[PDB]
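Here you get one chain, nothing else, as structure tokens; it is the form deposited without this ligand.
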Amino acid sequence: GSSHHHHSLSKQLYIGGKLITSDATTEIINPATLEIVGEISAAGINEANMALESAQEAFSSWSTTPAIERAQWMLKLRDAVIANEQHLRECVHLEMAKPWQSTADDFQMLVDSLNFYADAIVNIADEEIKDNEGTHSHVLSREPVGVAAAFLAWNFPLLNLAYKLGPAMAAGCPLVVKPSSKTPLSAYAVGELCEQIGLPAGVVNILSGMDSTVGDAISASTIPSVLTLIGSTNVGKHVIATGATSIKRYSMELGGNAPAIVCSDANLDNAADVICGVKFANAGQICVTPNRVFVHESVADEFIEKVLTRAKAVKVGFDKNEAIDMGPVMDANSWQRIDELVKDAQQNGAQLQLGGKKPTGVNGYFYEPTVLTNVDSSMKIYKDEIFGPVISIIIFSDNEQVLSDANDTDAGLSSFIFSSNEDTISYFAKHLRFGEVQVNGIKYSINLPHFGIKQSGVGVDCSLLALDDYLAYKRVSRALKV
């Protein structure tokens, strides 16, 4: 699976504590059935400015609301999320054809984050700093930073929202949320729940619209003190440059290219379950999933056989009342991009062992579980992020050489090492230039920090560190001799 361990189809914008319409609508098409599943009120530049000014107007009172009272609001919203679980998961199911069991990750992370950051914020304590000369006292404290704006990717609509909504509410930062236009229903539904519980106006705002107009207007605004993004590396560079109209804190999780190293002493059944599980969950559209699977030559044939067995057993389709393991990819551009990487690999010598096409007799953006062997470092599927249900296998023999190959990327999100040797595990854990090194498994949770280095982004999601973006320091220094 994803290894994220837990702890009215017409919707309007949620701006300024009210549900409002606009001058335009957006029809949402299910990527499996290609049928319209709903519509949202689409935001324009005028609606973006309304959300920003409403968030700014709320900052003074929301940031001075005691932390215990802000937590009370977070738990009241949590209780409404729990009471409306079925509709929230149905929104994600419809907008992106995510399997019904897979929608539990989105819903439950929303509950977990609300719980985690409501509990963490009431435990924040001031810190005293020693004065080496004995002349002054020093108290270090943390205060809300300002208005925050969040651009969410479509792969996990409610989980991505949970990563930002939790810390912002807890840290008293009025939040402007732009869900992806491909998956807005579930976020708009959260906005309906905020309106239902009577959340103070401006504290949370949810609006979707076109990127080059609404997205740029949020970035170029001088109101936001923090701009946070989950998306592509090129969009991250666009947000940084566009947000330069003022001084802003940036934090983003961008593209990855995770190497997975399976050694000769590795538990092959466990390595196969872990890799296939996360490579086919959400159809491989996962930031931390393996992108290049390196396998030792001595266990290559046996490991490929174990991978094919699991890949053939993946249940593909779109049916909430069946045990579907994997759905389609997001849209047509994603399908053709994945297919171009797979076909280019074959044309350069890679061997297709399974999949590599759309299931016959279907029209949605389905791509079959794919297994590619004989992949080398000169191929485009090696250099680029697949973000799809494709297992690409590279054969290695020297631990020192495969370490250099694993590091031969600008990405810096996750990485995997499967081995039974303690010196081998220690060797790769220290030298892998990645934010996360998963040993003999994979584990993510609201209390564990999730982050990338290098060109995979800035900042941390989950854990107490996620509050860093939304809290600013203050040093009060007083002379003791008055």
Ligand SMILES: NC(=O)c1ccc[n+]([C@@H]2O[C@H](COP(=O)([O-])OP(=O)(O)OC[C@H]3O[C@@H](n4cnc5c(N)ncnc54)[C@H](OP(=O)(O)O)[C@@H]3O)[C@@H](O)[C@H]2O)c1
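One rule holds for the numbers: they count along the sequence shown, beginning at 1.
Form deposited with this ligand bound: not shown, discussed below.
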Can you pick the stretch from 214-222, 114-122, 100-108, 188-196 whose heavy atoms fall within 4.5 Å of this ligand in the deposited bound form? 214-222
Within 4.5 Å, heavy atoms only: does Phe387 come near this ligand in the deposited bound form? yes
At 4.5 Å between heavy atoms, is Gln72 in contact with this ligand in the deposited bound form? no
With heavy atoms only and a cut-off of 4.5 Å, decide whether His93 touches this ligand in the deposited bound form. no
Taking heavy atoms and a 4.5 Å cut-off, does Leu52 contact this ligand in the deposited bound form? no
With the distance limit set at 4.5 angstroms and only heavy atoms considered, check whether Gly172, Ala201 and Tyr470 all reach this ligand in the deposited bound form. no
Find the only residue in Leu413, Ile446, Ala58, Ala32 having a heavy atom within 4.5 Å of this ligand in the deposited bound form. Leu413
Using heavy atoms only and a 4.5 Å cut-off, determine which of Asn407, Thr373, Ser180, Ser264 is in contact with this ligand in the deposited bound form. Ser180
